[PDB]
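I have placed the structure first, in the form of structure tokens, so that the comments after it can refer back to it.
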Amino acid sequence: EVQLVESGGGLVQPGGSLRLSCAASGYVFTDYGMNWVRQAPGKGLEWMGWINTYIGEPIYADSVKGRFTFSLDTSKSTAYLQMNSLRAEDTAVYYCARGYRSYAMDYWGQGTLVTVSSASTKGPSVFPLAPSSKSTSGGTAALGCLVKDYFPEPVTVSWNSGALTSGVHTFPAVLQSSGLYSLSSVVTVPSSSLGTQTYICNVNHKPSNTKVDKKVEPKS
Amino acid sequence: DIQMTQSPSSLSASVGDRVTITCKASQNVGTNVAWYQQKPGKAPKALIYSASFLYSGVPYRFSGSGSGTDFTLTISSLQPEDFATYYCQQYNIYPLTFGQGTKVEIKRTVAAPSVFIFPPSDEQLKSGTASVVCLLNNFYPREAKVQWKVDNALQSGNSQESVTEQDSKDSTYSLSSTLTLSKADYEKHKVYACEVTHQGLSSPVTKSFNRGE
């Protein structure tokens, strides 16, 4: 199947540059061009330009012409977006999207978040949200992980290395007055499983290279 | 540039409803219009090209119509998984431009939240801070009020809320409210209480604990 995988995003200082990569598979890379589109948090989609993948000729939206540039490595079936002299306003999710010149975009990459900030990266602390000792016998219990004080977004959270997906809610992060993010991830399970089934939240904060497995159990 | 204007900005409809959203172009764009579906945290998915043709794999309940300046997207029988923001886009001429999107929410029967409260862990307390978490799970509609009291003192300004996006299967929401205090402050008080008000509750539900018990 057609797949577009973006990387190279993350934290960058104001005035700095990043070079995003969009690695394509599952089709002949040079049979379609590539678009770049961005989406600032909570806002709409903004087309930045298109590149001819057969000869490497780029077309830019006037808004980013000169400051952003497109390039290729056909031998790697990869398109790049170098974004320069960045400012806070450039903070956004950046997508590559396959397509012909002046046409619809039929496949999109997963998107990569670029955060333009002078603040330093910070990995999360992970604390248990321990299931209540008053959980209903034969009933349902809630437990979770508090993933606190990290920067920038994003963090990923899974449970039991992905074996546990049913009943999971990983909340949108909230920016604290400290300038750091925090979220909880919770899951509901049978009360009867508490103390028997192991529950581990797997937290990965790539910008700080912080991976934590936190076991959550009833408190004694 | 060509401006694309979508209406309404958001709509709510029940499972099985037929739903139509509109997109107006500021200039003639022929039928050079596409529609995309974007679910929370995901990349847009292409639904429709040349105003009315479905991409392969797209469910038949999606359709599109129009030419010139007036375009529509229709869902013939809304499903819970159709919760998304829908975007139109013209490619009559560069630069490609998008509408601001229409957020489609699923209307369903009222569902009361299940409420849970979590004291701070001893681990966190060692770092000098206490977070107290109140969880409202799987409720509808989204409107809910959470009130924090510490030894009967109303807490204002030291909590933050986060709400999940509507669930793609049961169309409910969940919500966390997190109260933050210093370790010193936490240890000066006994009763920590979260009071929840919601349409599905005949009267407010309070979950509470006494510190150390």
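Brief remarks on what is shown
- Listed by first and then second residue, the pairs linking a residue in segment B:118-130 that is touching a residue at least 40 places away in the same chain (Cβ under 8 Å) to a residue that is in a helix (DSSP H, G or I) and surrounded by fewer than 16 Cβ atoms within 10 Å (Cβ to Cβ), with Cβ atoms under 6 Å apart and 6 or more places separating them unless they lie on different chains, are B:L125/B:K183; B:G128/B:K183; B:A130/B:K183.
- B:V110 being among the β-branched types (V, I, T) and surrounded by fewer than 17 Cβ atoms within 10 Å (Cβ to Cβ): yes
- Enumerated strands (runs of 3 or more DSSP E) restricted to segment A:136-175, each holding at least 1 residues that are more than 17 Å from A:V212 (Cα to Cα): A:140-150, A:168-170
- Every residue from segment B:113-152 that is on the phi > 0 side of the Ramachandran plot and either in contact with a helix residue (DSSP H, G or I) (Cβ under 7 Å, 6 or more places away or on another chain) or crowded, with 22+ Cβ neighbours inside 10 Å (or both): B:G128
- Qualifying residue in segment A:101-111 (condition: over 18 Å from A:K43 (Cβ atoms), within 8 Å of chain B (Cβ to nearest Cβ) and either among the acidic types (D, E) or in a strand (DSSP E or B) (or both)): yes
- Any hit, segment B:62-73, residues being under 30 Å from B:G200 (Cα atoms) and within 14 Å of another protein chain (Cβ to nearest Cβ): no
- Criterion violated by A:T69 - all others in (1) out of contact with any helix residue (DSSP H, G or I) (no Cβ under 7 Å at 6 or more places or on another chain); (2) surrounded by fewer than 16 Cβ atoms within 10 Å (Cβ to Cβ); (3) farther than 27 Å from B:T31 by Cα satisfied: (2)
- Annotation: of all residues in segment B:84-130 being in contact with a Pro (Cβ under 7 Å, 6 or more places away or on another chain) and facing chain A (nearest Cβ under 9 Å), the one that is nearest to A:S220 (Cα to Cα) is B:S121.
- Taking strands (runs of 3 or more DSSP E) as the structural unit, those lying wholly within segment B:1-102 and holding at least 2 residues that are of a type in the set (A, V, I, L, M, F, W, C) and either under 18 Å from A:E46 (Cβ atoms) or more than 28 Å from the chain's Cα centre (by Cα) (or both) correspond to B:19-25, B:33-38.
- When residues in segment A:205-220 are screened for being more than 19 Å from A:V12 (Cα to Cα) and not in a loop (DSSP other than H, G, I, E, B), 5 of them pass.
- Whichever residue in segment B:103-131 is under 27 Å from the mean Cα position of the chain (by Cα) and of a type in the set (V, I, T) and, among such residues, is farthest from B:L47 (Cα to Cα): B:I117
One line per residue, one yes/no per condition, for (1) among the β-branched types (V, I, T); (2) loosely packed, with under 13 Cβ neighbours inside 10 Å; (3) within 18 Å of the chain's Cα centre (by Cα):
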site: A:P152; (1), (2), (3): no, no, yes
site: A:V174; (1), (2), (3): yes, no, yes
site: A:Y181; (1), (2), (3): no, no, yes
site: A:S185; (1), (2), (3): no, no, yes
site: A:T188; (1), (2), (3): yes, no, no
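Cβ atoms come from the backbone with ideal geometry, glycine included; neighbour counts cover every protein chain shown. Bear in mind these aren't lab numbers, they're just calculated from the coordinates by the rules spelled out.
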